[PDB]
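# Breakdown of the fold
As a plain string of letters, each chain reads:
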Amino acid sequence: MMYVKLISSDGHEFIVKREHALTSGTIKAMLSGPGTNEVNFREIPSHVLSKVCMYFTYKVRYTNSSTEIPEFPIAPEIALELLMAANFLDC
Amino acid sequence: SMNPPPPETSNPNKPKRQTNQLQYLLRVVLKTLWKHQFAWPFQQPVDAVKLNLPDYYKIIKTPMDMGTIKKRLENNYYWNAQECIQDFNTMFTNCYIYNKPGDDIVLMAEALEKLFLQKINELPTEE
Amino acid sequence: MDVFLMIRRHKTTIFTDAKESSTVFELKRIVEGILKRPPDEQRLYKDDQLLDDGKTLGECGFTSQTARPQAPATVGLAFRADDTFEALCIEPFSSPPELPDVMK
Amino acid sequence: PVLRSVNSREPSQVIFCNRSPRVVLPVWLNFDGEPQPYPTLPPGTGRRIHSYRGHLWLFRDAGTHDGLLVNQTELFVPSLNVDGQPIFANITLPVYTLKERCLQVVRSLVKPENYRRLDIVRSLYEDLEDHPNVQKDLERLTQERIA
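Residues numbered from 1 in each chain as written, not as in the entry; some residues may be left out. Chains lettered and ligands numbered in written order. Heavy atoms only, no water. Residues with missing side-chain atoms left out of burial classes, pairs and counts.

As summarised from the PDB record, the model derives from X-ray crystallography at a stated resolution of 1.7200 Å.

The following block contains the structure:
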């Protein structure tokens, strides 16, 4: 089970399954060319990066499900920062 | 055929008129209803041949649709706003006559009518 | 079923899943694989409650219904510090700004 | 003409089932491939409807026009019934990209005339304004079908 460490601008570290972090085209690019298991985000704070990690978990659990799936919830207070992060991360 | 000709939209023997209320009925009321998700059944006369409704034009003596109303407004057919409003009411009433009270088409008509009543509630005074 | 977890210590968060039927000790093995400290150097918590190694996650009150992929349940982690264990200490995340007026 | 219903005149009973948290707008693509919306389904509801062999359906959020899935796919066409068994159409959320899901929530909170008062990179203004659009999704799907 390969894990990767995603580090927020404010120094929180998030350890997620590599396969889950590859939901992000940006992270995929950043880890491309082994021939690296740590990624620093200078402009994504911890409250946003935490929520992004929950999206990765949600995406891998429910993509290609044959049946119903729940709504990914986003509080109004985080929506703009999460939009910026999602745009940056290509996920 | 099963289908009568549609109602006339232009009649040289019928006095034509335009008022600011009839303008509002075209530019605001008809436009809003025309653009509604459920307008499509009401945008043209009921095609009783295609829909296989051999009794439609036996049950409905005064057919009316928003395509006819649109053309009547654009051709200044109506004497006043009341005449135009009567045509919208006839369109709704015909739907309610021909169809069962819980039918899909009746719910679509009721949605348009609710909106219609909200918009004519803001009809400008004649000026 | 599966339970979706966030295991938190200081400014470390592990996102992982496990089964209701898997044990607290088994979860410490997952932590060991990731942070390279053995189970005997770990205390796991649900809120302020120390979890027994032998209990299943279900017996600890984790459930599939309240530990969802999009809203994982938090497990507190404290590491041994020589002759003692550190106090459980989960550093808060940053805060969003005030909601903009145009968002009501 | 690519995405349109065939005029089979062969009846096919279908169950529409809304297993999304959205109000669903069923949309029939008629014989000229033009969208004809039908009565909405509240979340968790379903009903049995009369359609026809080779008729083409899609499903949207009735309030926002966000795209939905039916039996895991963007488009639904029924079969003939076997021994009069109804055909089932299970309507669900897709997994939206996080960016699209964020655009949904911001659009749900902010009037379009206020989009350009949010402090976000300018490119996100155009993204917010680019509302989900059945015509544009039909052009993209018709692209996909050519390939």
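Read on for the rest.
### Quick word on the environment of D:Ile15
Residues and elements named next belong to chain D. Here is the rule we go by: Helix numbering and strand numbering both begin at the N terminus, where a helix is a DSSP run of H or I of at least 4 residues and a strand a DSSP run of E of at least 2. Throughout, a contact is declared for two residues whenever any of their heavy atoms are within 4.5 Å.
Take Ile15: it is sitting in strand 1 (residues 11-18). For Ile15 and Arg48, which are 33 residues apart along the polypeptide, the C-alpha to C-alpha distance reads 4.3 Å. Once residues lying within four places of it in the same chain are set aside, the contact partners of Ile15 are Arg47, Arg48, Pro86, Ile87, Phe88 and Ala89.

### Re the interface of chain A and chain D
Let me state the cut-off plainly: A simple way to read buried area is as the amount of 1.4 Å-probe accessible surface that goes missing from two parts once joined, with both sides added. Think of a salt bridge as a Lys or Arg side-chain nitrogen and an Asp or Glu carboxyl oxygen that are within 4 Å of each other. Polar contact is the term for a pair of N or O atoms within 3.5 Å; when the atoms are in protein, one must be able to donate a hydrogen and the other to accept it, and sequence-neighboring residues count only if both atoms are side-chain atoms. The residue classification treats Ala, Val, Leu, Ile, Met, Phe, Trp, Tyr, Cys and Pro as nonpolar and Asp, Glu, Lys and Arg as charged. All others, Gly included, are polar.
Every contact between the two is made by 24 residues of chain A and, on the other side, 26 residues of chain D. Across the chain A/chain D interface, buried area totals approximately 2200 Å², and carbon plus sulfur atoms make up 70% of it. Along the contact surface separating chain A from chain D lie 3 salt bridges. Our count for the contact surface shared by chain A and chain D stands at 8 residue pairs in polar contact. For the side of chain A that touches chain D, the leading source of residues is helix 4 (residues 79-89) of chain A, giving 7 residues. Classifying every residue of the side of chain A that touches chain D by side-chain character gives 16 nonpolar, 5 polar and 3 charged.

### Regarding the interface of chain A and chain C
Note the following rule: Think of it this way: DSSP has to see at least two bridges between two strands before they count as a pair.
Contacts between chain A and chain C engage 27 residues on the former and 28 residues on the latter. For the pair chain A and chain C, the summed buried area comes to about 2200 Å², and 63% of that belongs to carbon and sulfur atoms. Summed over the shared surface of chain A and chain C, the result is 1 salt bridge. A salt bridge links A:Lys17 to C:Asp17; the shortest N-O distance between them is 2.8 Å. The leading source of residues in the side of chain A that touches chain C is helix 3 (residues 46-62) of chain A, at 9 residues. Here the residues of the side of chain A that touches chain C are counted per class, giving 14 nonpolar, 6 polar and 7 charged. Looking at chain direction, strand 2 (residues 13-17) of chain A and strand 2 (residues 12-19) of chain C are connected through 3 bridges and run parallel.

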